[PDB]
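Undergrad:
Number of protein chains: 2
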Amino acid sequence: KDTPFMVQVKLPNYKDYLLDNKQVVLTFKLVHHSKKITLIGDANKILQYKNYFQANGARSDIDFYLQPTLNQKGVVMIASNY
Amino acid sequence: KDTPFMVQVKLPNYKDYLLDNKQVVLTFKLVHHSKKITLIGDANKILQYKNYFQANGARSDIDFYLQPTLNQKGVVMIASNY
Numbered sequence: 057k058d059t060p061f062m063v064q065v066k067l068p069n070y071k072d073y074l075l076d077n078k079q080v081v082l083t084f085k086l087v088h089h090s091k092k093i094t095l096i097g098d099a100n101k102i103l104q105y106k107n108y109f110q111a112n113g114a115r116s117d118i119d120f121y122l123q124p125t126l127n128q129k130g131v132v133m134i135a136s137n138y
Numbered sequence: 057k058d059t060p061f062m063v064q065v066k067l068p069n070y071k072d073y074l075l076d077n078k079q080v081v082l083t084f085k086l087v088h089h090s091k092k093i094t095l096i097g098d099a100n101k102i103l104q105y106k107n108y109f110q111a112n113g114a115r116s117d118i119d120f121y122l123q124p125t126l127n128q129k130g131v132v133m134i135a136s137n138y
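In the order they appear, the protein sequences are chains B and A. Sequential numbering of the first sequence, starting at 57, is according to the authors' numbering. Sequential numbering of the second sequence, starting at 57, is according to the authors' numbering.
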């Protein structure tokens, strides 16, 4: 069956991210295949990302873990199928 | 411009991996996008994988890192574009 994976990607400010079409498509393929998503960064930034994926169809059986940080630039997303 | 990534996948023994076409194709998609590949597992097994990726990966700019362990169940592969 599917190869167990963990993918960590470095994402920009939510605003700039929406302007990077290739990055947006990549993150949605990641979410599509994941059962666990962790977002690390400023609390408001990671909420933007969480809500955006959920607003666009992310299943309720995907577990989102928010790790707020202080004075950290950007967002880190970790996606896993286990 | 490309999203910085690090992908960690769990692979079976080399001889079983060769029979999983979907897993073979996935690992070469990883190789094709990576600048660094780390293989963690039994010294003989991670060498088989390294040689396979070097011979058939069609990339000349990848740095391969070997981490021998005493684990006998498969190997862990970490692929990154930084």
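Positions of the beta carbon are idealized from the N, C-alpha and C atoms, including for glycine.
Measuring CB to CB, does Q79 of chain A end up less than 8 angstroms from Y73 of chain A?
TA: Cβ distance < 8 angstroms, so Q79 of chain A and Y73 of chain A count as in contact.
Undergrad: Suppose you measure from the CA of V81 of chain B to the CA of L75 of chain B; what does that come to, to the nearest Å?
TA: Going from the Cα of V81 of chain B to the Cα of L75 of chain B covers about 11 angstroms.
Undergrad: Take the Cβ of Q123 of chain B as the centre, count every other Cβ of all protein chains shown within 10 Å, and call the residue buried at 16 or more, exposed below.
TA: Exposed, since its Cβ has fewer than 16 Cβ neighbours within 10 Å.
Undergrad: Once DSSP output is grouped into helix, strand and coil, what is the label at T125 of chain B?
TA: Three-state DSSP puts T125 of chain B in coil, outside helix and strand.
Undergrad: Just to confirm my understanding: we take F120 of chain A, look at its own chain, exclude 5 residues before and 5 after, and list those with CB closer than 6 angstroms. What are they?
TA: Once the five neighbours on either side are set aside, the close Cβ partners of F120 of chain A are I93, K106.
Undergrad: Going by DSSP, which residues form a beta bridge with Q64 of chain B?
TA: Answer is B:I134, A:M62, bridged to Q64 of chain B.
Undergrad: May I ask which residues mark the beginning and end of the beta strand (DSSP E) holding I93 of chain A?
TA: Where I93 of chain A is concerned, the enclosing beta strand (DSSP E) stretches over 92-97.
Undergrad: Using a Cβ-Cβ cutoff of less than 8 angstroms, which residues in the same chain neighbour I102 of chain A once the five nearest sequence positions on both sides are dropped?
TA: These residues qualify, in order along the chain: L95, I96, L122, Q123, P124, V131.
Undergrad: Which of helix, strand or coil does DSSP assign to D72 of chain B?
TA: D72 of chain B: helix per DSSP, three-state reduction.
Undergrad: Could you pull out every residue in the same chain whose Cβ sits closer than 8 angstroms to the Cβ of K91 of chain A, ignoring the five residues on either side in sequence?
TA: Only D117, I118, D119, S136, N137, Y138 meet the Cβ criterion.
Undergrad: Hey, does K66 of chain B have any beta-carbon neighbour from chain A nearer than 8 angstroms?
TA: Chain A, which has a Cβ nearer than 8 angstroms to the Cβ of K66 of chain B, makes this yes.
Undergrad: Under a Cβ-count criterion, where at least 16 other Cβ atoms within 10 Å of its own Cβ denotes burial, should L126 of chain A be classed as buried or exposed?
TA: When all chains shown are included, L126 of chain A counts as exposed.
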